[PDB]
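# Coordinate inspection notes
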Amino acid sequence: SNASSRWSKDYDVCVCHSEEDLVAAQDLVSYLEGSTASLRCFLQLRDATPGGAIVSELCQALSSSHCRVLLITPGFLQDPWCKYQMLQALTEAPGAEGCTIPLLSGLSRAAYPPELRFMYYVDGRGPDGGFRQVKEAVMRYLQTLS
C-alpha cells in the first residue's frame, strides 16, 4: 500500500511576537529557515493587511503546532486579565501538552513572569538567553524528527 507525508504536519510552531518587537520574531524564523524545506515560514509586515482588522488565528495554530512561544509584554503585567492567563499556561491542567517558551524583550528582571519561578530553569548556553533558549527549544523538536 502506498503512503505519503503530505498532510502529516500542518505547522511547525507559531511564535507570538509583539507589534513593536515584531522584528525579533522575524529574526527567529530566519534561523529555522536554514534547515531543509520541511520548515514553513510566514512573514507579514510589508504590504497592507486583509481589510485592516487584526485576527487571532494563533489560538488554533498553537493547537496544531509542535511548540509554543509567548512574548511577555509590558501591558500584560499591567492588566489583571492578561496576567491571570499567564500563570494559567504554566499551571495548565494535568497531563497537558504544548511546552511554552518564555520570551522577554525589554522587560524588567524584577517584573519577570512566574514561569521563571521554578528551580528547574532552562539549560543550554548558560546565561539568560530568551532568544537563544527559544530558538533551541523550537529547533530541538525538529532535531528528533527525520
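Residues numbered from 1 in each chain as written, not as in the entry; some residues may be left out. Heavy atoms only, no water.

A large share of strand 2 (residues 67-71) lies buried, amounting to four of its five residues. Here strand 2 runs beside strand 3 (residues 100-103); their pairing, made up of four bridges, is parallel. Bridge pairing in strand 3 links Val69 to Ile101. (Buried < 20%, exposed > 50% of the residue type's maximum accessible area, 1.4 Å probe, protein only. Helix = DSSP H or I, 4+ residues; strand = E, 2+ residues; numbered from the N terminus. Pairing = 2+ DSSP bridges.)

Attention shifts here to the nonpolar core. Core analysis: the biggest nonpolar cluster contains 14 residues, and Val15, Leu32, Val69, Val134 and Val138 have the highest contact counts within it. The set of elements that each furnish at least two residues to this core consists of strand 1 (13-15), helix 1 (22-33), strand 2, strand 3 and helix 5 (130-144). With residues near it in sequence (within four places) discarded, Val69 still touches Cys14, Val15, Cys16, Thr100, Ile101, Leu103, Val134 and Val138. (Core = buried A, V, L, I, M, F, W, Y, C linked by side-chain atoms within 4.5 Å. Contact = heavy atoms within 4.5 Å.)

The next subject is the UniProt feature "disulfide bond" in the protein. With sulfur atoms 11 Å apart, the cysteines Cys14 and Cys59 do not match their UniProt disulfide annotation in this structure. Locating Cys14 in the fold gives a position in strand 1. With respect to the helices and strands, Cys59 occurs in helix 2 (residues 58-61). (Disulfide = S-S within 2.5 Å. UniProt positions renumbered as here; feature names shortened; annotations may be inferred.)

A separate point is the packing of helix 1 against helix 5. Axis separation between helix 1 and helix 5 bottoms out at 10 Å; the angle between their running directions is 40 degrees. For the pair helix 1 and helix 5, the sense of crossing is right-handed. On helix 5, the residues that touch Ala24, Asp27, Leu28, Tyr31 and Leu32 of helix 1 are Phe131, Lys135, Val138, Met139 and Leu142. Classifying every residue of the contact of helix 1 with helix 5 by side-chain character gives eight nonpolar, no polar and two charged. (Axes fitted to C-alpha atoms, helices over the stretch in contact; angles between N-to-C directions. Left-handed = near helix turned anticlockwise from the far one by under 90°. Nonpolar A, V, L, I, M, F, W, Y, C, P; charged D, E, K, R; others polar.)

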